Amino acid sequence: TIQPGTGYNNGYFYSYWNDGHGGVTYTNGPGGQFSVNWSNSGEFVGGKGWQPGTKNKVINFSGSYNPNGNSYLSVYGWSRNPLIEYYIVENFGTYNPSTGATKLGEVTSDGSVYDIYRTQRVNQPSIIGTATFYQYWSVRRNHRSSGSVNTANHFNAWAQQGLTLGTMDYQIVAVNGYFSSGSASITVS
């Protein structure tokens, strides 16, 4: 594993964070590759991409994703002003992260319909400190662990529905986990 933090590896921004519970390892590989292995983890997120992201990036990802419990595989990032945490979820484990959330529409992109949702985090950690902020979600109906994500299709559909993004901060393909087990190996470009 590498040390939790952010930086660059083989030309790609990376971010790896965990809550200190133990049970997760994250490694950076050649090019846009990263691997995650976890066993009765706490909360964590890791992956590779860009800092800053853009609003019309076509993100390619490929590999394997084998969750056992609560985990997502997504294009994951933030904006500033407004502060927004967003996810274009390509696959997940035992929990669909939109369960119970307000549905804000649908968008068809890259071979599947996605359902759109907005949720709110109240006094939670963020890229600027403890804050209350919205989260935007596109959840893919047809799960997969390789493909291409035309981020503009999502960001434009979100904007259409009143889900506005500010200036982009980082933008990665990430494995999220919350007290679960699994393995993943993903290459980004």
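Numbers follow the displayed sequence, beginning with 1.
Undergrad: Quick check on the record: does 69 to 77 or 102 to 110 carry the larger mean Cα temperature factor?
TA: Here the higher of the two C-alpha B-factor means belongs to 102 to 110.
Undergrad: Which is higher in the entry, the mean Cα B factor of 9 to 17 or that of 169 to 177?
TA: Stretch with the higher mean C-alpha B-factor: 9 to 17.
Undergrad: Just to confirm, going by the entry's C-alpha B-factors, which of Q135, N153, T164, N142 comes out highest?
TA: In the PDB entry, the greatest C-alpha B-factor among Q135, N153, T164, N142 is found at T164.
Undergrad: With respect to C-alpha B-factor, does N60 fall in the lowest, middle or highest third of the chain as deposited?
TA: Its C-alpha B-factor, which the entry lists for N60, ranks in the middle third among residues of this chain.
Undergrad: Name the third of the chain's ranked CA B-factors that contains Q33, choosing lowest, middle or highest.
TA: Tercile = middle for this residue's CA B-factor.
Undergrad: Please place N123 in the lowest, middle or highest third of its chain by C-alpha B factor as given in the entry.
TA: It belongs to the highest third of the chain when residues are ordered by C-alpha B-factor.
Undergrad: Pull the Cα B-factor of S146 out of the PDB entry and bin it into the chain's lowest, middle or highest third.
TA: CA B-factor rank for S146: lowest third.
Undergrad: Would you mind ranking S39 by its C-alpha B-factor against the rest of the chain and naming the third, lowest, middle or highest?
TA: Highest third - that is where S39 ends up once the chain's C-alpha B-factors are sorted.
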